[PDB]
Amino acid sequence: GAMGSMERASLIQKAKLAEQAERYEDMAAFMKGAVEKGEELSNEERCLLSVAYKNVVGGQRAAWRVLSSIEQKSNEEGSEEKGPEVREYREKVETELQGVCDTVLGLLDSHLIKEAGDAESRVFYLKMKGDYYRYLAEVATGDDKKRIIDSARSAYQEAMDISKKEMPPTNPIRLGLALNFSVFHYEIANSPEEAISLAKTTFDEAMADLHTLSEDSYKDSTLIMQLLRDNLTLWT
Amino acid sequence: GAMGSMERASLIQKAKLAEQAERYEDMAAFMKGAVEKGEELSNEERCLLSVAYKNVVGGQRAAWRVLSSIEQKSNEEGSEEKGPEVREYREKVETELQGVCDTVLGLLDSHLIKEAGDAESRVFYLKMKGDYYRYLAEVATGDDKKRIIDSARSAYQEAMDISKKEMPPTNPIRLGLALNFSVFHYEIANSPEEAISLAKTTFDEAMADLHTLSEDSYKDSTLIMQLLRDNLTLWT
Amino acid sequence: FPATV
Amino acid sequence: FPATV
Ligand SMILES: *SCCN[C@@H](O)C(C)(c1ccccc1)c1ccccc1
Ligand SMILES: *SCCN[C@@H](O)C(C)(c1ccccc1)c1ccccc1
Ligand SMILES: [Mg+2]
Ligand SMILES: [Mg+2]
Ligand SMILES: [Mg+2]
Ligand SMILES: [Mg+2]
Ligand SMILES: [Mg+2]
Ligand SMILES: [Mg+2]
């Protein structure tokens, strides 16, 4: 790996500099190098890892959707044949996206998840595993599409089971997991009713636990509760 | 070159798709491949080339300024020593920026400028040459800094001489050249009075020529005139 | 699109 | 920063 010669602390420092400069590809490469040092990640370092790759793949997904929309329009009735170029370029972006997802899933599998024993870290990584299988599912069309969808479901489900046993209902990692698993149900698994039920039940159970929280914890939890409410409003 | 096997028309088509997807690195690579086919560029293709690289280097300059600011703060009195990391990462981004500028200047030199005979194309390319030497000048600190600055000046000056002889004072390429050369005077050459004089004289001479223009040409010209006025307001 | 974190 | 095109 190109980052093998750099100190772990220097990679963490440069990941933070890249975030400040909005250089998320650099940020992800630095955090990939940090993970490959083999030590477990701190809470802050987990956020650096997730922020970097969320921004990288987020840009790829946005571009893929633009190109996929153009491609679908070119395949409509009455459209002039433009050649293979739109499909080729959509495929290029799709392949790069899949490469990033495979990279993240590889870091989780070798060996972040198996060494994560605390509920907070294990749920965080399993949520990430569900997320990046979900991104693969968004572009999947082949023989393994159902297996990709079930890999996302399985990761999300294990994270949910741990989070319900080991974390309070206002825990922001538990809330963000539920938010994303709900979106998985709605957009990937064609289960809008399960999506709505999960978002509402997550919101209500967090609402009843807010009284236990400090002002700062309250702000964290209510911010994600608002995202659950936003989705429920979009879906109902 | 990685694009040598793709049709010129397909590269142009994919450059436009990349622009729609805001994938400017892809857009620049496609347009680099198109230029290296060896044929001259059309008016529209020149815009594809300039838009792609302007966005790529614009992002690098923004990141370089963030990192340079952090570096200067770390070198102030009372600042804690953080190690070489900030300088290293600023140097990394700086080196990538210089590589892009060298790439663009290489395309202009081999062989866009020497084949550009019409005033519109020749001024366009010479303005680009001034622009990318200006970007090199922004990060230059070594023995060749004055030579980089003079390379920018020389390119801008040849473009100005042609544009004053061969284009009307409302021509948008002539106006954009004057806008950027004025910024060169202000920010690079430490000549704010020349910057202000050029912006004002360019604005006034365009104003007096607007009566000759169609509605659509009027919109093009007045849009860039407003940018000249914006800079004059910033500088006075 | 719906919100995810 | 000043405007350039
Ligand atoms: S780890 C990056 C910053 N954390 C936030 O994005 C967020 C919402 C979160 C929640 C679940 C998974 C990933 C990220 C968060 C976490 C903790 C406290 C507040 C917000
Ligand atoms: S070529 C990309 C689009 N052209 C505009 O950015 C702009 C302002 C221009 C002007 C000078 C150099 C480069 C770009 C322009 C050109 C022509 C008409 C209107 C605007
Ligand atoms: Mg070490
Ligand atoms: Mg594919
Ligand atoms: Mg249930
Ligand atoms: Mg051919
Ligand atoms: Mg240097
Ligand atoms: Mg003069």
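Worth knowing before you read on, the calculation uses all heavy atoms, side chains too, and leaves out hydrogens, waters and symmetry mates. Throughout, protein chains are lettered first and strands after them, A, B, ... in sequence-line order, and every chain is numbered starting at 1.
Residues in residues 28-39 of chain A take part in these side-chain hydrogen bond (donor to acceptor under 3.5 Å, both in side chains) pairs, two or more places apart or across chains: A/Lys32-A/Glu36. Sorted by first then second residue, the salt bridge (charged side-chain N to carboxylate O under 4.0 Å, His left out) pairs that include residues 115-125 of chain A, not counting sequence neighbours, are A/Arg122-A/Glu158. The ring-ring contact (aromatic ring centres under 6.0 Å, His included) contacts involving residues 46-68 of chain B comprise nothing, where partners must be two or more places apart or lie in separate chains.
For the atom pair B/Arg90 CZ and B/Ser69 OG, the distance stands at 12.5 Å (nearest 0.5 Å). To the nearest 0.5 Å, atom CZ of residue B/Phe124 and atom SG of residue B/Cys47 are 5.0 Å apart. Atoms CG and CG, from B/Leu198 and B/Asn231 in turn, are 10.5 Å apart once rounded to the nearest 0.5 Å. One finds the CG atom of B/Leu175 at 10.0 Å from the CG atom of B/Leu227 (value rounded to the nearest 0.5 Å). Note that CG of A/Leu41 is 9.0 Å distant from CG of A/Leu48, once rounded to the nearest 0.5 Å. Atom CG of A/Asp144 sits about 10.0 Å away from atom CD1 of A/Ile149, to the nearest 0.5 Å.
In this structure, B/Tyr24 and B/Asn55 approach most closely via the heavy-atom pair CG-CB, 3.4 Å. The nearest pair of heavy atoms linking A/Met6 to A/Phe30 is CE-CE2, 4.3 Å. Scanning both residues, A/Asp220 and A/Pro172, for their nearest heavy atoms gives CB-CG, 4.1 Å. Considering all non-hydrogen atoms of both residues, B/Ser50 and B/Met128 come closest at CB-SD, 4.2 Å. Closest of all the heavy-atom pairs between B/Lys73 and B/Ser79 is O-OG, 2.9 Å. Residues B/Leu105 and B/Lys129 come closest through the heavy atom pair CD2-O, 3.8 Å.
Not a single donor-acceptor pair under 3.5 Å links the side chain of B/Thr202 to the backbone N or O of B/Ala178. Checked by atom type and distance alone, the side chain of A/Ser217 never pairs as donor or acceptor with a backbone atom of A/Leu213 at under 3.5 Å. For the pair B/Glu81 (side chain) and B/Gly83 (backbone), a donor-acceptor distance under 3.5 Å is present.
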Donor-acceptor pairs under 3.5 angstrom involving side-chain atoms of residues 181-191 of chain B: please list them, not counting sequence neighbours.
| unit_1 | atom_1 | unit_2 | atom_2 | d |
| --- | --- | --- | --- | --- |
| B/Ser182 | OG | B/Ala195 | O | 2.8 |
| B/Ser191 | OG | B/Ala189 | O | 3.2 |

Let me have the donor-acceptor pairs involving side chains of residues 12-20 of chain A, under 3.5 Å, with sequence neighbours excluded, atom names and distances please.
| unit_1 | atom_1 | unit_2 | atom_2 | d |
| --- | --- | --- | --- | --- |
| A/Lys14 | NZ | B/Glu88 | OE1 | 2.8 |
| A/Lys16 | NZ | A/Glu44 | OE2 | 3.4 |

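Residues satisfying the side-chain contact (heavy atoms from CB on, under 4.5 Å) test with A/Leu177, not counting sequence neighbours, are A/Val123, A/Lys127, A/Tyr156, A/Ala159, A/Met160, A/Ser163. Every salt bridge (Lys or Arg N to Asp or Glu O under 4.0 Å) that A/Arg134 has, sequence neighbours left out, goes to A/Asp131. With sequence neighbours excluded, no residue satisfies side-chain contact (heavy atoms from CB on, under 4.5 Å) with A/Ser154. With sequence neighbours excluded, the residues that form a side-chain contact (heavy atoms from CB on, under 4.5 Å) with B/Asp150 are B/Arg153. Judged as a side-chain contact (heavy atoms from CB on, under 4.5 Å), and not counting sequence neighbours, the contacts of B/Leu232 are B/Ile196, B/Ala199, B/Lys200, B/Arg229. B/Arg23 is linked by a salt bridge (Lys or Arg N to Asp or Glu O under 4.0 Å) to A/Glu96, B/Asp26, counting only residues two or more places apart in sequence or in another chain. Not a single salt bridge (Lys or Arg N to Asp or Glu O under 4.0 Å) links A/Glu40 to another residue, sequence neighbours left out.
In this structure, A/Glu91 places its CD atom where more than 12 heavy-atom neighbours from other residues, nucleotides or ligands lie under 6.0 Å away. More than 12 heavy atoms of other residues, nucleotides or ligands shown are found within 6.0 angstrom of CD on B/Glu45. The 12-atom threshold is exceeded at CD of A/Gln98, counting heavy atoms of other residues, nucleotides or ligands nearer than 6.0 Å.
Side-chain atoms of C/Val5 and A/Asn180, non-hydrogen and from C-beta on, do get closer than 4.5 Å to each other. Looking at A/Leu126 and A/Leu108, their side chains never come closer than 4.5 Å, going by heavy atoms from C-beta outward.
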Worksheet item: What's the verdict on side-chain contact (heavy atoms from CB on, under 4.5 Å) for B/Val57 and B/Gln60, showing C-alpha distance, side-chain angles and the deciding distance?
Response: CA-CA 5 Å; B/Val57 75; B/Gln60 297 172 315; 3.8 Å; yes

Item to complete: List the steps and the verdict of side-chain contact (heavy atoms from CB on, under 4.5 Å) for A/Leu11 and A/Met31.
Response: CA-CA 7 Å; A/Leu11 290 158; A/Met31 286 313 294; over 6 Å; no

Item to complete: Report the C-alpha separation of A/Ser10 and B/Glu85 in whole Å, then their side-chain angles, then the decisive distance to 0.1 Å, and conclude whether the side-chain contact (heavy atoms from CB on, under 4.5 Å) test is met.
Response: CA-CA 6 Å; A/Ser10 300; B/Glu85 284 87 1; 2.6 Å; yes

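Residues B/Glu71 and B/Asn75 have side chains that never bring a donor and an acceptor to within less than 3.5 angstrom of each other.
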